[PDB]
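In what follows, a single structure is set out as structure tokens and then discussed.
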Ligand SMILES: CC(C)=CCNc1ncnc2[nH]cnc12
Ligand SMILES: CC(C)=CCNc1ncnc2[nH]cnc12
Ligand code: NA
Ligand code: NA
Ligand code: NA
Ligand code: NA
Ligand code: NA
Ligand code: NA
Ligand code: NA
Ligand code: NA
Ligand code: NA
Ligand code: NA
Ligand code: NA
Ligand code: NA
């Protein structure tokens, strides 16, 4: 029958940050070039803007410390008002024998009266090909890394409010 | 005057393992292809031998989960009798604006009466060029990752003696 087939696999994780939405958002989205290497000094070597002004359509690049390469982030949505940010990664994303078309990363930070904010993180894996095999470890890996970056930045900013 | 100049920067870390030298060594060196992905399921996707039989001269490759590339390990010394292992990495190793010729990784596991063994880890950074600038974070990074792999494997093997 020869159908066109695609899988979109969504993983969602939340946690409560002590840092306010606005500060966490500014740290990652506006000051990432400075803060990513300060928050993860032994993993992220450099974060820079390759193309664009910071909004939708911007291409950023993270360079990792040591023999772990580098990756471009293709910015898709930037919503300061609602502390929402989305970007895609297109290269070097095959998960074992499962090719992918893209991985999409999205967060939305929601102010909460008790603490700082609720950090709502999503990763979406878009599959290439006619079938699908993704283990729990690989699906969890993307969302753990992504939320891990956010937690590192939160922790840094709480310890050094000077940024 | 035009001298030939090279830096060799050595970082050394030790800790006491509960697992015996022989088992930790076998796990990493002989059964790495199986154990590395079990010990670090969300970071190391695959560990395979590309060339050789496992001894000196063998080339192994680690593939990392997600957009973090892959790296070849060029095996230099394999000493089962003394639980010693050395390998080099040659590619993708520039540390910021400091090019490197190679990074060498070495461990020696020494049986200890109280616990299992003393894990003696070393990383050596060989610099390319006429001057040198390496921050504490980058020097610490290599040895933390390396010792981190060993600790992950130790922990896995203690929880699953079936390997
Ligand atoms: C599958 C997996 C472990 C993905 C992790 N990669 C990433 N996770 C979060 N943000 C990123 N930017 C570039 N690469 C990124
Ligand atoms: C500088 C740094 C963070 C190095 C870490 N890289 C590695 N550390 C330990 N073993 C390895 N095998 C291949 N690459 C390896
Ligand atoms: Na940190
Ligand atoms: Na690097
Ligand atoms: Na790259
Ligand atoms: Na990459
Ligand atoms: Na709040
Ligand atoms: Na398809
Ligand atoms: Na583990
Ligand atoms: Na990969
Ligand atoms: Na590679
Ligand atoms: Na690599
Ligand atoms: Na012992
Ligand atoms: Na030189």
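Numbering starts at 1 and runs along the chain as it is shown here.
Going by what the header records, the deposited coordinates were determined by X-ray crystallography, 2.0 Å.
Using N, Cα and C of the backbone, Cβ positions are placed for all residues, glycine too.
Summarising the annotation, Swiss-Prot assigns trans-zeatin binding site to A:73, A:87, A:138. For residue A:87 (trans-zeatin binding site), the number of other Cβ atoms no farther than 10 Å from its own Cβ, over all displayed protein chains, is 21.
Swiss-Prot lists A:73, A:87 with the feature N(6)-dimethylallyladenine binding site. Residue A:73 (trans-zeatin binding site) counts 20 other C-beta atoms within 10 Å of its own C-beta, drawing on all protein chains shown. DSSP assigns residue A:73 (trans-zeatin binding site) to a strand in the three-state reduction.
For A:73, A:87, the entry in Swiss-Prot reads kinetin binding site, with the evidence type experimental evidence.
Per the PDB entry, expression tag is recorded for A:1-5. Here the expression tag (A:1-5) has Cβ contacts under 8 Å with residues 129-131 of the same chain, all six or more residues outside its ends.
Annotation for residue A:138 (trans-zeatin binding site): spatial neighbours A:95, A:96, A:98, criterion Cβ-Cβ under 8 Å with sequence separation of six or more. Look at the expression tag (A:1-5): DSSP puts its residues at 0 helix, 0 strand, 5 coil.
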